[PDB]
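Shown below, as structure tokens, is a lone chain in the form deposited in one PDB entry; questions about how it binds or moves come after it.
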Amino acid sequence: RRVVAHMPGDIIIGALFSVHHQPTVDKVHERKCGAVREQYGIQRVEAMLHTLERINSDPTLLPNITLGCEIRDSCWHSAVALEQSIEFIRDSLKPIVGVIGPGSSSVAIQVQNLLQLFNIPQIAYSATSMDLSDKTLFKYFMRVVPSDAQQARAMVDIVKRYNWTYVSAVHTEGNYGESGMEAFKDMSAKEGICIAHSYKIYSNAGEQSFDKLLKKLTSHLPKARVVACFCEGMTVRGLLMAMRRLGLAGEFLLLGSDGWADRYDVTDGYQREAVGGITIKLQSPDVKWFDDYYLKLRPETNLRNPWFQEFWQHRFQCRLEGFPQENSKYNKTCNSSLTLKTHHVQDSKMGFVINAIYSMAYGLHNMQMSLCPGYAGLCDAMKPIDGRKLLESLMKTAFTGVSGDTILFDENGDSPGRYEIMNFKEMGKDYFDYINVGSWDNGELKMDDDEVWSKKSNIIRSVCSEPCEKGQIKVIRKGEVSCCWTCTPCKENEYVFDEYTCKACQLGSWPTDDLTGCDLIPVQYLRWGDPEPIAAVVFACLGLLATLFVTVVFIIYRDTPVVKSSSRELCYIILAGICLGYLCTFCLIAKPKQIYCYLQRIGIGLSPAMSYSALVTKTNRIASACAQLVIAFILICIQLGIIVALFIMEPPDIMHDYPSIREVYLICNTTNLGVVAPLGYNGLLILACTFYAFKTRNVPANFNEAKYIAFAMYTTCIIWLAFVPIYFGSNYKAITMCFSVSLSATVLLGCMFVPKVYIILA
């Protein structure tokens, strides 16, 4: 059947080493595992077979007693290792104190499920899965290697450090790859990372299965250029084989895991397809004394290792004619000159196997010391070794590993460990070698980006969408994933509220530079320096000059008999009204203020009433005594009363009008009704003036001035009728107001004031 190593002794420690390769996908039911392995097989077998002798020669460990082993073979298969463990326990149905757990995590789970039935403590050296840390189900399981939650954290840190966002994930079926990828998915998709799609594949699947997997991987080729591989060594070897077969020169950047580590048997003959890969390897410096013992081994003298002969044939293809394992398949015959020195690699996880066996030895030594402190041997109270006591002792056995540091088992039976971020690279032509470019110990990732990517043209950033943080362009995501977005800009009215939202601020406002925030529009008023305002104010100035000139001339010629027909105050109140009109034009052009707008309203109400009440008195009186001032002031006072009514109704306040979202101006609260009320008032005044104008328009005067009053009436009537479209049609509004009122003030002067003075001076 399956041969087994032997080493008789007082206490027997079983072991489970993957001596042969996993059974091929066809021979699974026969459980006929395949070709031999050096590193995971013979090297570990000889490591145990020599560390037991190193312990035995040591009197400080297990004095006066002999430690023995029964090394079995697990073929990296749960089904095979279960049956080998059954062979372990058949004696309990020499007893076995414990085993050194199998390398595979799923195999370790399968073995533990049976070992805990017989209180047989199991120590593992590579079973890195998290699921084994649950002491409720796996009480008798311990390991000198940290869980792979730390490994998932390390990979998340790696992809963080390289801007990688849209990665792809492959993991082998089982419990190591499955739980590792679950943890990585958690701590990545939580923070910022994005897995394009998660894939699974058995290690021993056929070539076509890897072909299909690589087709699915190349489906996302342009963007997901990074593959996060929680994959055992053989899975990555299969992936490289598929990469070669279907013609890929290494478009991807494989991101390996503890399975890949820095093994040379996963990238032998397929180096060109793996250049640039980044792997994670547990730090374990090579054990010197094992190398010095192993390199001298020869197939003739080594007889306690039944798998050494077939391995020796397999390594140097040859035939051992003088030994029973002929294996005539190899044509040639090897001389007594082939040595293991040439192309010798000691695996990474050798310090772990040695440390695990040393942990078992120290647990047994502490048990012996505690149970029988006096007796320096096999005390009669410890001959039936109780499993539970040994496990309890093992849980707290701190010692010094062959590496040099101290080995402790925490509450979950793990042990602290660092990491060494390897990086496959092509140092020389036809020459590739794993190179160390980093570290990771308790959340810290030190990794120089110079040995890796000795340039700035690194791998294409595995990013779904390029950043678009340039002003208006935001990001939107339809239904695919939170990582791929189609950038779109929103209107200039709005600014980016967040990454995924841009909202416009209120009517009077504007987004800031680069749309970072929003700012109020700088409001502007009717500027003092501008062609139309300057023209208006100069017009007001010249009109004022003329008006006070007329008042002065009137005052100096106060009692001239020809003008002793109308009231002296009448052609003084008309001057006053024209003066308030000019003051209204002057005060219209200004920053709109409460007092200022009140001034505008009161002037617009009062000035037209003042001057034209004189006309009303004239046309009525020509048709008595001196009460014409009274009959004008009654109309003026009712005008003041109504204007106070609207003024109380519409108190003066300033609002920033919004003709458009771009522009804002500041005005006061004169509304359409509030401006049409005095406009209608003046229209009624003009209607009454016309209703009294006919006879005055026809009856001449001494200086035929009634005719000039008539044309002044017609001109002011037409300028008043045509005014409405200019003010309402145009958005300037204030300019129309000032120009119209100023012109209406001028026209009455130009027909009556000049002729009287002109004749008087002549």
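All residue numbers refer to positions in the sequence shown, first residue = 1. Whichever C-alpha set is largest while still superposing within 1.5 Å between the two forms counts as the rigid core.
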Problem set entry | Gap size between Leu685 and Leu684, counted in deposited residues that the entry leaves unmodelled | none
Seminar exercise, completed: Looking at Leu93 and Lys94, the deposited sequence has unmodelled residues in between totalling 10 or more
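Below, we turn to the form deposited with a small molecule bound, even though it does not appear here.
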Exercise. Which listed residue (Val724, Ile65, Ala701, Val28) meets the criterion of a heavy atom within 4.5 Å of the small molecule in the entry with it bound?
Worked result: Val724
For this session: Could you work out which of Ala361, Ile385, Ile604, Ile100 is the residue within 4.5 angstroms of the small molecule in the entry with it bound, going by heavy atoms?
Result: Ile604
Exercise. Any idea which of 591 to 599, 332 to 340, 306 to 314, 604 to 612 reaches within 4.5 Å of the small molecule in the entry with it bound, heavy atoms considered?
Worked result: 604 to 612
Exercise. Quick one: does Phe711 come within 4.5 Å of the small molecule in the entry with it bound, counting heavy atoms only?
Worked result: no
Exercise. Is there a non-hydrogen atom of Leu679 within 4.5 angstroms of a non-hydrogen atom of the small molecule in the entry with it bound?
Worked result: yes
For this session: With heavy atoms only and a cut-off of 4.5 Å, decide whether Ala693 touches the small molecule in the entry with it bound.
Result: no
Exercise. Contact between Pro299 and the small molecule in the entry with it bound at 4.5 Å, heavy atoms?
Worked result: no
Exercise. Tell me, which of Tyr692, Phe399, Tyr202, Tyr500 is the one whose C-alpha shifts by at least 2 Å between this form and the one not shown, with the rigid core superposed?
Worked result: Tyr692
Exercise. Is the C-alpha displacement of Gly729 equal to or greater than 2 Å between this form and the one not shown once the rigid core has been superposed?
Worked result: yes
